[PDB]
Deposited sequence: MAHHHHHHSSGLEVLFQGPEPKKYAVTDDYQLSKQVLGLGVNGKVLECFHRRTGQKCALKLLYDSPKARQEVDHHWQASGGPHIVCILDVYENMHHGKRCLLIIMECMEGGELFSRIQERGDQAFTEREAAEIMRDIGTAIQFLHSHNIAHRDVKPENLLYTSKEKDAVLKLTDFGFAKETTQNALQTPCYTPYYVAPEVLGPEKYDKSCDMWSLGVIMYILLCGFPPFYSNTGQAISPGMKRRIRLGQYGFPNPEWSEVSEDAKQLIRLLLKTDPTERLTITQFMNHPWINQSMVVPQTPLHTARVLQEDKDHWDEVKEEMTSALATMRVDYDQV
């Protein structure tokens, strides 16, 4: 299953960094014989690294999941490492693409995005995998083109399960959906940004952002909600999202940082009350 020969036999590596995960850095690379641009995640070997490889491998091929192409077990700097070769997500991050629109971003488009993310979580939860770190850095597009596909990645905190772990994914969906609809995170629905958002959308968010994890919707309830299930019928209402993301771009790193912190807090064995 994992290739034991040198990854450089098959791939020409670059030093262009494409992203950073808890277990390793993500580099650009090129398949030596097809020329296809790909992404290489370098994981120094460990049980956590073996878990990530195992979980991403099982999830690879599922809807809206970044696909693994190859996995290599190599020696690097005298250390045993695992190299995950993934499809190159040349469209970049979800919210950067929205930010780079001027053009109308509609509530229907947010509903289609959320349905895509929910489809990925639905696949994972039906295979007893909870992601536990769904966040802007992990939501990527296959290309900069209009027909790009949104996919989830990074299984470094994934866990084979537990209703609590799955409810942390559902909380992530509510946070992402909140930002999708107004351009700032929930950490009420203030006017003017939320003035014209439908009642279905605000109802779904409140059901996902319950403080009590047992009160949060499951992914099945999420996918059956009319805002998701009937996402095509969702009003084409133009949102403030792109404009707000541009206006607040200097604070975007802080938004990502506190979401990362909130997600890590949900993963601790024992937390304060």
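Missing from the model, relative to the deposited sequence, are the stretches 1-19, 121, 182-203, 230-250.
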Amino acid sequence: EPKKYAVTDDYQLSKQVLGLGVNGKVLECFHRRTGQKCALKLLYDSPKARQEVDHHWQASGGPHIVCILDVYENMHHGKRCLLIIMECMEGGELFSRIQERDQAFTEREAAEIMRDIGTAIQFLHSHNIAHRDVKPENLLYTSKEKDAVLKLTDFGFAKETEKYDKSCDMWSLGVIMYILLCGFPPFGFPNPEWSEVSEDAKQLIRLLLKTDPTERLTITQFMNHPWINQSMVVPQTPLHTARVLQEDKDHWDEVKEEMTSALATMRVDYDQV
From here on, numbers count along this sequence of modelled residues.
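For the two forms, the rigid core is made up of the largest set of C-alpha atoms that agree within 1.5 Å on superposition.
Taking the root mean square of CA deviations in 4 other deposited structures of this protein after fitting on the rigid core, 255-263 and 14-22 differ, and the farther of the two is 14-22. Of the other entries compared for this protein that flank it with modelled residues, all give atoms for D116, so not even a third lack it. Notably, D102 is an intermittent gap: at least a third of the other compared entries of this protein, restricted to those modelling both its neighbours, have no coordinates for it.
Of the two segments, 102-110 and 144-152, the one listed with the higher mean B-factor is 102-110 (C-alpha atoms only).
Stretch comparison (236-244 versus 35-43) by mean CA B-factor in the PDB entry places 236-244 on top. When the C-alpha B-factors of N191, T119, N138, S96 are ranked from the entry, the top spot goes to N191. In the PDB entry, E215 places in the highest third of its chain by CA B-factor.
Annotation for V273: C-alpha temperature factor in the highest third relative to the rest of the modelled chain, per the entry. Sort the modelled residues of the chain by CA B factor and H56 lands in the lowest third. Compared with the other modelled residues of the chain, the Cα B-factor recorded for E160 ranks in the highest third. In the PDB entry, a CA B factor belonging to the highest third of its chain's modelled residues is recorded for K79.
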